[PDB]
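First the structure, in the form of structure tokens, and then the observations on it.
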Amino acid sequence: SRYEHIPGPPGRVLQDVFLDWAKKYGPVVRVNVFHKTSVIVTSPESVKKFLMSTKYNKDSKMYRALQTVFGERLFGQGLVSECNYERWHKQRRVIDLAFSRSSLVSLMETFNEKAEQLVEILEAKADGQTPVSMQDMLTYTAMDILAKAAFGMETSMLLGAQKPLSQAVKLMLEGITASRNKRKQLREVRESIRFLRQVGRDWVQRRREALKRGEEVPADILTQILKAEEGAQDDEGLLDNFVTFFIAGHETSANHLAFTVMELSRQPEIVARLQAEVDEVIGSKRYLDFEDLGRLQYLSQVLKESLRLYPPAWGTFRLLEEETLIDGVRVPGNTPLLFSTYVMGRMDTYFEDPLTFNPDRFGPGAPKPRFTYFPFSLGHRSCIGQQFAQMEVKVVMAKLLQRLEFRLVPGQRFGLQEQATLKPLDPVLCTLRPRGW
Ligand code: HEM
Ligand SMILES: Cc1cnn(-c2ccncc2N2CCC(C(=O)N(C)C)CC2)c1
């Protein structure tokens with residue numbers, strides 16, 4: 001009864017239903033998400049008010065399925081799932097040192113080496129007939145980049161290594177999804193989460209032994225995760241952030257690459273423009289320097305437009321503590337507010353011809369979306385990995401565009417699925433040819 005007065009109803013995802021309801025019932029709508037009543041707020045005035053203030057914190061109840069799944073601690077109180085401002089701020093300021101401009105410049109060698117490994121694997125299959133799952137290959141690439149860049153470890157998923165780890169990630173993602181929506185599935189999810197935390201324990205002990213033996217350890221994300229727990233009572237906070245960064249640092253990047261390859265397979269004119277830009281900026285060069293990234297201006301526009309239609313992370317929640325009038329609607333206190341870049345990106349009120357893929361929306365002369373577009377969120381709880389992700393994805397896409405042509409296999413769909421994140425429904429099965437052919 002406390003929400004009954006709020007407007008709302010008497011390869012698709014629940015986000016599409018929410019879009020239909022936002023269009024029909026307006027900027028403040030009652031919905032059920034993760035088994036809880038919430039209110040989706042889709043005005044840019046509400047996005048600005050609630051996301052750009054430290055007054056409004058995340059609603060912990062809407063992060064329970066990241067904290068713990070089926071009684072197994074997962075992300076716990078790591079950087080994503082910690083909803084107490086002062087406990088979040090302490091870890092954020094320490095882990096931020098690993099995402100400095102200087103830190104990220106030093107990662108270009110890892111980005112380039114894993115992107116080059118992926119394109120050599122794909123060029124050997126580029127016979128115009130062998131079907132290749134681009135969603136699988138891009139996920140292996142993202143995992144190998146993350147493991148190396150963040151932890152100094154070689155997963156070698158591009159070589160077919162670490163299949164139990166790959167299985168553990170997939171079952172954990174299925175567990176998050178099932179928790180927010182029997183005996184075998186419980187056992188498999190629970191053992192997968194323990195496996196991932198045990199990977200953390202093993203790799204933290206490997207790093208600690210290296211430091212005690214006096215070996216060279218390059219400062220990385222893991223250095224700062226350890227620094228954040230200096231003098232803590234135990235290792236549970238460290239393993240929360242290990243698992244947080246192990247998962248968050250590859251899954252959305254993979255999803256974003258797969259969506260971009262999927263959408264570009266039906267945009268031959270935009271591909272011909274991207275191929276021309278990479279030819280002009282990097283030419284024959286095997287290696288992209290940091291200064292080359294800023295020169296790939298049309299690619300950066302294409303990747304922004306991909307995130308507008310296909311955001312892997314569709315949004316965020318804030319807790320409304322006190323009854324508040326939002327856009328002419330009385331919203332009771334202690335209510336989770338849902339913000340969706342997926343919903344707002346598909347509203348004609350905010351984007352003209354919203355289903356058209358048009359990179360010129362992000363062109364230099366174009367008016368910037370004002371609080372209608374937030375694939376990395378906004379304000380103090382925005383993605384810490386945003387610049388890491390934009391660099392690694394531009395490196396991978398630039399090297400694909402330099403070397404290969406992709407055709408989506410007929411019958412492959414453009415629809416979405418929601419696990420923990422949004423990603424293509426289908427494997428993005430393509431045939432490949434070398435450029436020139
Ligand atoms: C295209 C890629 C990515 C997208 C679309 C994305 C999106 C987002 C979004 C929407 C949030 C806000 C989540 C919330 O409010 O609950 C967020 C937070 C976060 N992301 Fe990402 N992310 C990406 C890549 C990364 C990468 C590469 C890393 C790590 C290396 C990462 C680590 C995190 C962390 C730790 C947070 C929590 C930040 C905090 O609250 O202080 N993400 N991301
Ligand atoms: C499990 C998982 C896989 N990838 N990520 C991810 C990657 C990078 N940056 C943010 C991410 N998450 C997306 C889920 C999102 C969530 O569950 N909310 C809002 C309730 C929180 C932020 C989390």
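Letters A, B, ... go to the chains of the structure tokens in the order shown; residues in each chain start at 1; ligands are counted from 1 in the same order.
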Practice item. From a DSSP calculation on the backbone, collect every residue of region 293-391 of chain A in strand (DSSP E or B) and output the set as a list in words. Key: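 Strand (DSSP E or B) assignments inside region 293-391 of chain A correspond to residues 315, 316, 317, 318, 319, 320, 324, 325, 326, 329, 330, 331, 335, 336, 337, 338, 339 and 340 of chain A.
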Filtering to N, CA and C atoms, could you give me those residues as a PDB file, in the first residue's frame?
```pdb
ATOM      1  N   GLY A 315      22.767   0.428 -14.831  1.00  0.00           N
ATOM      2  CA  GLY A 315      22.492   1.530 -13.882  1.00  0.00           C
ATOM      3  C   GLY A 315      22.857   1.214 -12.459  1.00  0.00           C
ATOM      4  N   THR A 316      22.154   1.836 -11.509  1.00  0.00           N
ATOM      5  CA  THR A 316      22.609   1.876 -10.116  1.00  0.00           C
ATOM      6  C   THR A 316      21.367   2.153  -9.249  1.00  0.00           C
ATOM      7  N   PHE A 317      21.551   2.032  -7.963  1.00  0.00           N
ATOM      8  CA  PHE A 317      20.500   2.309  -6.981  1.00  0.00           C
ATOM      9  C   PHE A 317      21.006   3.315  -5.962  1.00  0.00           C
ATOM     10  N   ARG A 318      20.141   4.204  -5.533  1.00  0.00           N
ATOM     11  CA  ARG A 318      20.388   5.048  -4.338  1.00  0.00           C
ATOM     12  C   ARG A 318      19.263   4.827  -3.317  1.00  0.00           C
ATOM     13  N   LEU A 319      19.594   4.975  -2.041  1.00  0.00           N
ATOM     14  CA  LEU A 319      18.585   4.929  -0.984  1.00  0.00           C
ATOM     15  C   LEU A 319      18.020   6.340  -0.763  1.00  0.00           C
ATOM     16  N   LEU A 320      16.711   6.461  -0.891  1.00  0.00           N
ATOM     17  CA  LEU A 320      15.976   7.692  -0.486  1.00  0.00           C
ATOM     18  C   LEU A 320      15.598   7.538   0.977  1.00  0.00           C
ATOM     19  N   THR A 324      10.115  12.346  -0.254  1.00  0.00           N
ATOM     20  CA  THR A 324      10.586  13.409  -1.168  1.00  0.00           C
ATOM     21  C   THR A 324       9.617  13.479  -2.354  1.00  0.00           C
ATOM     22  N   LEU A 325       9.370  14.665  -2.867  1.00  0.00           N
ATOM     23  CA  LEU A 325       8.609  14.837  -4.116  1.00  0.00           C
ATOM     24  C   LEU A 325       9.624  14.708  -5.235  1.00  0.00           C
ATOM     25  N   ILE A 326       9.441  13.743  -6.114  1.00  0.00           N
ATOM     26  CA  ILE A 326      10.300  13.572  -7.290  1.00  0.00           C
ATOM     27  C   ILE A 326       9.426  13.774  -8.539  1.00  0.00           C
ATOM     28  N   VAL A 329       5.748  13.445  -7.957  1.00  0.00           N
ATOM     29  CA  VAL A 329       5.300  12.167  -7.341  1.00  0.00           C
ATOM     30  C   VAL A 329       5.855  12.108  -5.917  1.00  0.00           C
ATOM     31  N   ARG A 330       5.004  11.762  -4.969  1.00  0.00           N
ATOM     32  CA  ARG A 330       5.411  11.615  -3.561  1.00  0.00           C
ATOM     33  C   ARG A 330       6.078  10.249  -3.437  1.00  0.00           C
ATOM     34  N   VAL A 331       7.356  10.211  -3.113  1.00  0.00           N
ATOM     35  CA  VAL A 331       8.068   8.923  -2.923  1.00  0.00           C
ATOM     36  C   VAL A 331       8.377   8.768  -1.413  1.00  0.00           C
ATOM     37  N   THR A 335      13.263   4.078   0.385  1.00  0.00           N
ATOM     38  CA  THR A 335      12.881   3.516  -0.913  1.00  0.00           C
ATOM     39  C   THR A 335      14.136   3.416  -1.771  1.00  0.00           C
ATOM     40  N   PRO A 336      14.400   2.283  -2.441  1.00  0.00           N
ATOM     41  CA  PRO A 336      15.447   2.231  -3.444  1.00  0.00           C
ATOM     42  C   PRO A 336      15.039   2.928  -4.749  1.00  0.00           C
ATOM     43  N   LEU A 337      15.813   3.921  -5.153  1.00  0.00           N
ATOM     44  CA  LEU A 337      15.660   4.590  -6.457  1.00  0.00           C
ATOM     45  C   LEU A 337      16.551   3.875  -7.490  1.00  0.00           C
ATOM     46  N   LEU A 338      15.944   3.495  -8.602  1.00  0.00           N
ATOM     47  CA  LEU A 338      16.660   2.815  -9.721  1.00  0.00           C
ATOM     48  C   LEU A 338      16.902   3.833 -10.828  1.00  0.00           C
ATOM     49  N   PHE A 339      18.151   3.954 -11.232  1.00  0.00           N
ATOM     50  CA  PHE A 339      18.613   4.818 -12.345  1.00  0.00           C
ATOM     51  C   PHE A 339      19.060   3.887 -13.477  1.00  0.00           C
ATOM     52  N   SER A 340      18.608   4.132 -14.686  1.00  0.00           N
ATOM     53  CA  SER A 340      18.928   3.237 -15.834  1.00  0.00           C
ATOM     54  C   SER A 340      19.384   4.051 -17.047  1.00  0.00           C
TER      55      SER A 340
END
```
Exercise for review: List all protein, DNA and RNA residues that have an atom no more than 6 Å from any atom of ligand 1, counting only C-alpha atoms and all ligand atoms, and report them as a list in words.
Suggested key: residues 79, 80, 92, 245, 248, 249, 252, 253, 256, 311, 312, 313, 315, 316, 375, 376, 377, 381, 382, 383, 384, 385, 386, 388 and 389 of chain A
Writer output for current selection, N, CA, C and O atoms, as a compact mmCIF listing (two decimals), in the first residue's frame:
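What follows is the written file again-v2.txt:
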```txt
# COMPACT_ATOMS: atom_id res chain seq x y z
N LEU A 79 34.81 -2.82 -3.06
CA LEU A 79 34.59 -1.43 -3.50
C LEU A 79 33.21 -1.26 -4.16
O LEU A 79 32.65 -0.15 -3.99
N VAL A 80 32.65 -2.23 -4.88
CA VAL A 80 31.35 -2.08 -5.59
C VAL A 80 30.22 -2.15 -4.58
O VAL A 80 29.24 -1.40 -4.71
N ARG A 92 38.39 3.57 -1.55
CA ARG A 92 38.40 4.23 -2.86
C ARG A 92 39.69 5.04 -2.99
O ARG A 92 40.31 4.95 -4.03
N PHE A 245 37.59 -7.17 -8.19
CA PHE A 245 38.41 -6.68 -9.32
C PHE A 245 38.62 -7.83 -10.30
O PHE A 245 38.56 -7.56 -11.50
N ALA A 248 34.95 -7.81 -11.96
CA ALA A 248 34.49 -6.54 -12.56
C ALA A 248 35.47 -6.09 -13.63
O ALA A 248 35.07 -5.46 -14.59
N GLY A 249 36.74 -6.41 -13.45
CA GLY A 249 37.77 -5.91 -14.36
C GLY A 249 37.80 -6.62 -15.69
O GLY A 249 38.57 -6.11 -16.54
N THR A 252 32.43 -6.69 -17.91
CA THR A 252 31.76 -5.60 -18.64
C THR A 252 32.60 -5.21 -19.86
O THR A 252 32.01 -4.90 -20.93
N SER A 253 33.92 -5.22 -19.72
CA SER A 253 34.80 -4.90 -20.87
C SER A 253 34.53 -5.91 -22.00
O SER A 253 34.39 -5.51 -23.21
N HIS A 256 31.03 -5.26 -23.57
CA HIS A 256 31.13 -4.04 -24.39
C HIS A 256 31.84 -4.33 -25.75
O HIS A 256 31.27 -3.95 -26.83
N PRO A 311 24.56 -0.79 -22.86
CA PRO A 311 25.34 -0.65 -21.64
C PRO A 311 25.41 -1.99 -20.91
O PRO A 311 24.36 -2.55 -20.54
N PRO A 312 26.60 -2.59 -20.66
CA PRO A 312 26.66 -3.85 -19.90
C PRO A 312 26.12 -3.68 -18.46
O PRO A 312 25.52 -4.64 -17.92
N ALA A 313 26.37 -2.53 -17.87
CA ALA A 313 25.89 -2.16 -16.52
C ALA A 313 24.80 -1.13 -16.71
O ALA A 313 25.08 0.02 -17.00
N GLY A 315 22.77 0.43 -14.83
CA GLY A 315 22.49 1.53 -13.88
C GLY A 315 22.86 1.21 -12.46
O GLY A 315 23.81 0.47 -12.22
N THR A 316 22.15 1.84 -11.51
CA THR A 316 22.61 1.88 -10.12
C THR A 316 21.37 2.15 -9.25
O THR A 316 20.33 2.53 -9.77
N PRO A 375 26.92 5.21 -18.89
CA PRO A 375 27.35 3.82 -18.83
C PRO A 375 28.39 3.46 -17.79
O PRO A 375 28.54 2.28 -17.53
N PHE A 376 29.08 4.42 -17.22
CA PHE A 376 30.03 4.22 -16.11
C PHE A 376 29.45 4.86 -14.84
O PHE A 376 30.21 5.06 -13.88
N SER A 377 28.16 5.14 -14.83
CA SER A 377 27.51 5.95 -13.78
C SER A 377 28.12 7.35 -13.67
O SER A 377 28.96 7.78 -14.51
N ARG A 381 30.35 7.55 -6.83
CA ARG A 381 30.30 6.08 -7.02
C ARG A 381 30.42 5.72 -8.52
O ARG A 381 29.96 4.62 -8.90
N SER A 382 31.00 6.59 -9.35
CA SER A 382 31.23 6.22 -10.76
C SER A 382 32.31 5.13 -10.86
O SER A 382 33.08 4.94 -9.94
N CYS A 383 32.38 4.47 -11.99
CA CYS A 383 33.30 3.32 -12.22
C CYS A 383 34.74 3.77 -11.97
O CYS A 383 35.25 4.64 -12.71
N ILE A 384 35.46 3.11 -11.06
CA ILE A 384 36.91 3.43 -10.91
C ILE A 384 37.70 2.96 -12.15
O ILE A 384 38.82 3.53 -12.40
N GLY A 385 37.17 1.95 -12.85
CA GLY A 385 37.89 1.30 -13.96
C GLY A 385 37.58 1.98 -15.28
O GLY A 385 37.90 1.42 -16.31
N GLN A 386 36.85 3.12 -15.29
CA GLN A 386 36.36 3.66 -16.59
C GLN A 386 37.49 3.88 -17.61
O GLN A 386 37.33 3.45 -18.77
N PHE A 388 40.61 2.71 -17.52
CA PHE A 388 41.22 1.39 -17.80
C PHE A 388 40.43 0.69 -18.91
O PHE A 388 40.99 0.23 -19.97
N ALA A 389 39.10 0.65 -18.76
CA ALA A 389 38.21 -0.03 -19.72
C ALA A 389 38.26 0.67 -21.09
O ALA A 389 38.37 -0.03 -22.15
```
Review point. Excluding same-chain residues fewer than 5 positions from residue 236 (chain A), what lies within 9 Å of it counting only C-alpha atoms, as a list in words?
Key: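 Result of the neighbour search: residues 76, 77 and 241 of chain A.
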Point to revise | Residue among A:255, A:412, A:223, A:133 lying closest to ligand 2, counting only C-alpha atoms and all ligand atoms | key: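 Closest candidate: A:255.
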Mind checking which residues fall within 12 Å of residue 43 (chain A), counting only C-alpha atoms, ignoring those fewer than 5 positions away in the same chain, and posting them as a PDB file with N, CA and C atoms, in the first residue's frame?
```
ATOM      1  N   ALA A  22       8.347   3.278 -18.362  1.00  0.00           N
ATOM      2  CA  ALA A  22       8.797   4.689 -18.283  1.00  0.00           C
ATOM      3  C   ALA A  22       8.094   5.481 -19.388  1.00  0.00           C
ATOM      4  N   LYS A  23       8.035   4.964 -20.615  1.00  0.00           N
ATOM      5  CA  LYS A  23       7.348   5.721 -21.695  1.00  0.00           C
ATOM      6  C   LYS A  23       5.858   5.906 -21.371  1.00  0.00           C
ATOM      7  N   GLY A  26       5.659   7.585 -17.143  1.00  0.00           N
ATOM      8  CA  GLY A  26       6.338   8.842 -16.822  1.00  0.00           C
ATOM      9  C   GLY A  26       7.638   8.629 -16.064  1.00  0.00           C
ATOM     10  N   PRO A  27       8.193   9.738 -15.523  1.00  0.00           N
ATOM     11  CA  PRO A  27       9.560   9.758 -15.004  1.00  0.00           C
ATOM     12  C   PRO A  27       9.763   9.083 -13.641  1.00  0.00           C
ATOM     13  N   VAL A  28       8.667   8.675 -12.975  1.00  0.00           N
ATOM     14  CA  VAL A  28       8.758   8.013 -11.658  1.00  0.00           C
ATOM     15  C   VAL A  28       7.770   6.861 -11.624  1.00  0.00           C
ATOM     16  N   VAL A  29       8.289   5.617 -11.673  1.00  0.00           N
ATOM     17  CA  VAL A  29       7.405   4.430 -11.798  1.00  0.00           C
ATOM     18  C   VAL A  29       7.761   3.367 -10.761  1.00  0.00           C
ATOM     19  N   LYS A  48      20.744  14.000 -11.958  1.00  0.00           N
ATOM     20  CA  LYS A  48      21.708  14.989 -11.466  1.00  0.00           C
ATOM     21  C   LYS A  48      21.545  15.079  -9.944  1.00  0.00           C
ATOM     22  N   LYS A  49      20.316  15.196  -9.449  1.00  0.00           N
ATOM     23  CA  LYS A  49      20.131  15.452  -8.000  1.00  0.00           C
ATOM     24  C   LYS A  49      20.702  14.307  -7.162  1.00  0.00           C
ATOM     25  N   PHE A  50      20.363  13.089  -7.542  1.00  0.00           N
ATOM     26  CA  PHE A  50      20.705  11.927  -6.697  1.00  0.00           C
ATOM     27  C   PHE A  50      22.097  11.371  -6.986  1.00  0.00           C
ATOM     28  N   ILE A 326       9.441  13.743  -6.114  1.00  0.00           N
ATOM     29  CA  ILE A 326      10.300  13.572  -7.290  1.00  0.00           C
ATOM     30  C   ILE A 326       9.426  13.774  -8.539  1.00  0.00           C
ATOM     31  N   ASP A 327       9.673  14.831  -9.333  1.00  0.00           N
ATOM     32  CA  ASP A 327       8.926  15.043 -10.623  1.00  0.00           C
ATOM     33  C   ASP A 327       7.420  14.974 -10.346  1.00  0.00           C
ATOM     34  N   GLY A 328       6.929  15.581  -9.257  1.00  0.00           N
ATOM     35  CA  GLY A 328       5.488  15.679  -8.984  1.00  0.00           C
ATOM     36  C   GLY A 328       4.918  14.409  -8.350  1.00  0.00           C
ATOM     37  N   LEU A 338      15.944   3.495  -8.602  1.00  0.00           N
ATOM     38  CA  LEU A 338      16.660   2.815  -9.721  1.00  0.00           C
ATOM     39  C   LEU A 338      16.902   3.833 -10.828  1.00  0.00           C
ATOM     40  N   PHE A 339      18.151   3.954 -11.232  1.00  0.00           N
ATOM     41  CA  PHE A 339      18.613   4.818 -12.345  1.00  0.00           C
ATOM     42  C   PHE A 339      19.060   3.887 -13.477  1.00  0.00           C
ATOM     43  N   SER A 340      18.608   4.132 -14.686  1.00  0.00           N
ATOM     44  CA  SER A 340      18.928   3.237 -15.834  1.00  0.00           C
ATOM     45  C   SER A 340      19.384   4.051 -17.047  1.00  0.00           C
ATOM     46  N   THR A 341      20.652   3.899 -17.413  1.00  0.00           N
ATOM     47  CA  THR A 341      21.213   4.461 -18.672  1.00  0.00           C
ATOM     48  C   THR A 341      20.643   3.658 -19.860  1.00  0.00           C
ATOM     49  N   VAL A 343      17.432   2.439 -20.102  1.00  0.00           N
ATOM     50  CA  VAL A 343      16.078   2.982 -20.336  1.00  0.00           C
ATOM     51  C   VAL A 343      16.232   4.368 -20.976  1.00  0.00           C
ATOM     52  N   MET A 344      17.038   5.257 -20.383  1.00  0.00           N
ATOM     53  CA  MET A 344      17.083   6.658 -20.877  1.00  0.00           C
ATOM     54  C   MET A 344      17.694   6.707 -22.288  1.00  0.00           C
ATOM     55  N   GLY A 345      18.606   5.798 -22.576  1.00  0.00           N
ATOM     56  CA  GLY A 345      19.242   5.755 -23.906  1.00  0.00           C
ATOM     57  C   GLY A 345      18.272   5.374 -24.994  1.00  0.00           C
ATOM     58  N   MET A 347      14.853   6.165 -24.928  1.00  0.00           N
ATOM     59  CA  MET A 347      13.733   7.114 -24.896  1.00  0.00           C
ATOM     60  C   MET A 347      13.910   8.218 -25.953  1.00  0.00           C
ATOM     61  N   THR A 349      12.372  10.936 -25.952  1.00  0.00           N
ATOM     62  CA  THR A 349      12.413  12.237 -25.229  1.00  0.00           C
ATOM     63  C   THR A 349      13.864  12.667 -25.109  1.00  0.00           C
ATOM     64  N   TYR A 350      14.804  11.726 -25.019  1.00  0.00           N
ATOM     65  CA  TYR A 350      16.220  12.085 -24.701  1.00  0.00           C
ATOM     66  C   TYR A 350      17.111  11.926 -25.932  1.00  0.00           C
ATOM     67  N   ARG A 370      23.031  15.582 -21.434  1.00  0.00           N
ATOM     68  CA  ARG A 370      23.107  16.171 -20.061  1.00  0.00           C
ATOM     69  C   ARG A 370      22.312  15.269 -19.117  1.00  0.00           C
ATOM     70  N   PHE A 371      22.993  14.359 -18.418  1.00  0.00           N
ATOM     71  CA  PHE A 371      22.397  13.466 -17.393  1.00  0.00           C
ATOM     72  C   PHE A 371      21.397  12.482 -18.009  1.00  0.00           C
ATOM     73  N   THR A 372      21.588  12.093 -19.273  1.00  0.00           N
ATOM     74  CA  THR A 372      20.759  11.091 -19.982  1.00  0.00           C
ATOM     75  C   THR A 372      21.568   9.880 -20.403  1.00  0.00           C
ATOM     76  N   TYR A 373      22.869   9.901 -20.127  1.00  0.00           N
ATOM     77  CA  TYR A 373      23.805   8.888 -20.654  1.00  0.00           C
ATOM     78  C   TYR A 373      24.876   8.656 -19.588  1.00  0.00           C
TER      79      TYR A 373
END
```
Review point. DSSP says alpha helix (DSSP H) for which residues of region 203-435 of chain A? Put them as a ChimeraX atom specification?
Key: /A:203-212,221-228,236-264,268-281,290-295,297-309,341-345,386-403
For region 244-276 of chain A against region 161-175 of chain A, with a cut-off of 10 Å and counting only C-alpha atoms, what is the closest atom pair and its distance in Å to one decimal for every residue that makes the cut, ordered by chain and number, as a Markdown table?
```
| residue | atom | partner | partner_atom | distance |
| --- | --- | --- | --- | --- |
| A:246 | CA | A:169 | CA | 9.7 |
| A:247 | CA | A:169 | CA | 7.7 |
| A:251 | CA | A:169 | CA | 9.5 |
```
Revision key, fill the gap. Using only C-alpha atoms, the best pick from A:398, A:52, A:217, A:118 as closest to residue 285 (chain A) would be A:398
Practice item. Skip residue 158 (chain A) itself and residues of its chain fewer than 5 positions away, then list as a PyMOL selection string all residues within 9 Å of it, counting only C-alpha atoms. Key: chain A and resi 114+117-118+121+137+140-141+144
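Here the question is which of A:413, A:250, A:403, A:183 gets nearest to residue 120 (chain A) using only C-alpha atoms, and that residue is A:403.
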Practice item. Do a neighbour search on residue 199 (chain A) at 9 Å with only C-alpha atoms, toss out local chain neighbours closer than 5 positions, and write the hits as an MDAnalysis selection string. Key: chainID A and resid 165 194 204 243
**Study point:** Selected residue of minimal separation from residue 380 (chain A) among A:58, A:407, A:212, A:207, counting only C-alpha atoms
**Key:**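 For residue 380 (chain A), the nearest of the given residues is A:58.
With distances taken over only C-alpha atoms and all ligand atoms, A:418 is the one residue among A:116, A:292, A:234, A:418 lying closest to ligand 2.
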Practice item. Give me the residues within 10 Å of residue 68 (chain A) as a VMD selection string, counting only C-alpha atoms and dropping any in the same chain fewer than 3 places off. Key: chain A and resid 63 to 65 71 to 77 175 to 176 179 193
For N, CA, C and O atoms, I'd like the residues from the last selection saved as a CSV table (one decimal), in the first residue's frame.
```
chain,number,residue,atom,x,y,z
A,63,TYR,N,22.3,-4.7,-3.3
A,63,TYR,CA,23.6,-5.2,-3.6
A,63,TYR,C,23.8,-6.6,-2.9
A,63,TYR,O,24.9,-7.1,-3.0
A,64,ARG,N,22.8,-7.2,-2.3
A,64,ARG,CA,22.9,-8.4,-1.5
A,64,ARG,C,23.5,-9.5,-2.3
A,64,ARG,O,24.2,-10.3,-1.8
A,65,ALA,N,23.0,-9.6,-3.6
A,65,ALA,CA,23.4,-10.8,-4.4
A,65,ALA,C,24.8,-10.6,-4.9
A,65,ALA,O,25.4,-11.6,-5.4
A,71,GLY,N,24.7,-18.3,0.6
A,71,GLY,CA,25.4,-18.4,1.8
A,71,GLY,C,26.9,-18.4,1.6
A,71,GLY,O,27.6,-18.7,2.6
A,72,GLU,N,27.4,-18.2,0.4
A,72,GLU,CA,28.9,-18.0,0.2
A,72,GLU,C,29.3,-16.6,-0.1
A,72,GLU,O,28.8,-16.0,-1.1
A,73,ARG,N,30.2,-16.1,0.7
A,73,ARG,CA,30.7,-14.7,0.5
A,73,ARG,C,31.3,-14.5,-0.9
A,73,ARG,O,32.2,-15.3,-1.3
A,74,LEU,N,30.9,-13.5,-1.6
A,74,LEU,CA,31.4,-13.3,-3.0
A,74,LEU,C,32.2,-12.0,-3.1
A,74,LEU,O,33.3,-12.1,-2.9
A,75,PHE,N,31.5,-10.8,-3.4
A,75,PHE,CA,32.2,-9.5,-3.4
A,75,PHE,C,32.2,-8.9,-2.0
A,75,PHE,O,32.9,-8.0,-1.7
A,76,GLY,N,31.5,-9.5,-1.0
A,76,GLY,CA,31.4,-9.0,0.4
A,76,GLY,C,31.3,-7.5,0.4
A,76,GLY,O,30.3,-7.0,-0.2
A,77,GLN,N,32.2,-6.9,1.2
A,77,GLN,CA,32.2,-5.4,1.4
A,77,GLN,C,33.3,-4.8,0.6
A,77,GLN,O,33.9,-3.8,1.0
A,175,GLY,N,24.7,-17.8,-10.7
A,175,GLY,CA,24.3,-17.8,-9.3
A,175,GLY,C,23.7,-16.4,-8.9
A,175,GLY,O,22.7,-16.3,-8.2
A,176,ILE,N,24.4,-15.3,-9.3
A,176,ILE,CA,24.0,-13.9,-9.0
A,176,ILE,C,22.5,-13.8,-9.6
A,176,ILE,O,21.6,-13.3,-8.9
A,179,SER,N,19.8,-15.8,-7.9
A,179,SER,CA,19.5,-15.2,-6.5
A,179,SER,C,18.5,-14.1,-6.7
A,179,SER,O,17.7,-13.8,-5.8
A,193,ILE,N,32.1,-20.1,-6.2
A,193,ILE,CA,32.4,-18.9,-5.4
A,193,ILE,C,33.6,-19.3,-4.5
A,193,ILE,O,34.6,-18.4,-4.5
```
**Study point:** Separation of CA of residue 150 (chain A) from CA of residue 222 (chain A) in Å
**Key:**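 Taking CA of residue 222 (chain A) as the start and CA of residue 150 (chain A) as the end point, the length is 6.0 Å.
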